[PDB]
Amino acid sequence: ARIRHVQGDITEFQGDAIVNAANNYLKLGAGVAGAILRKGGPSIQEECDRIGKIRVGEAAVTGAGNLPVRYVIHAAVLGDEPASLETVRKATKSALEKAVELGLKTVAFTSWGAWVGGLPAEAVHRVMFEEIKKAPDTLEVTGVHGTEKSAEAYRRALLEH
């Protein structure tokens, strides 16, 4: 799938879905998840509770409440097991699979930086980008970054070569 990198708040993404990095228990806390629970509203955690625990490396879909997407795809990168490059690979793949199953066209991810601090940053990026590349061209993926400097740096890396 094609990727485009922009600066923004992922909770303001106007497309079909956002991916929320998650624990496998599917319980929301602070950060992106906190913005989701506040701006999305109570229905998101309520539906996560309905789904129940999933395995690390899996994903699960909820509605998005008052957010301007249709779905939140929760990607379980850690929880009852630690994050690894394999859990990152699996969770990314699983999230993309849910998007494809739902027949979606536009899906946003963050860098997942706040979930992978003990892993090598460049390898995390490589694993995620490889999974996104393998996804069908029926998907357009947006990488949402906190700053313009970072968004542009990610675009720059796609020239290289």
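Note that residue numbering follows the sequence shown and begins at 1.
Per the PDB record, of the two stretches 37 to 45 and 22 to 30, 37 to 45 carries the greater mean B-factor over its C-alpha atoms. The deposited model assigns a higher average Cα B-factor to 129 to 137 than to the other stretch when 129 to 137 and 63 to 71 are compared. Per-chain ranking of the deposited C-alpha B factor places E101 in the highest third. The entry lists a Cα temperature factor for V144 that places it in the middle third of the chain's modelled residues. When the modelled residues of the chain are ordered by their C-alpha B factor, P120 lands in the highest third. Per the deposited record, the Cα B-factor of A153 falls in the highest third when ranked against the other modelled residues of its chain.
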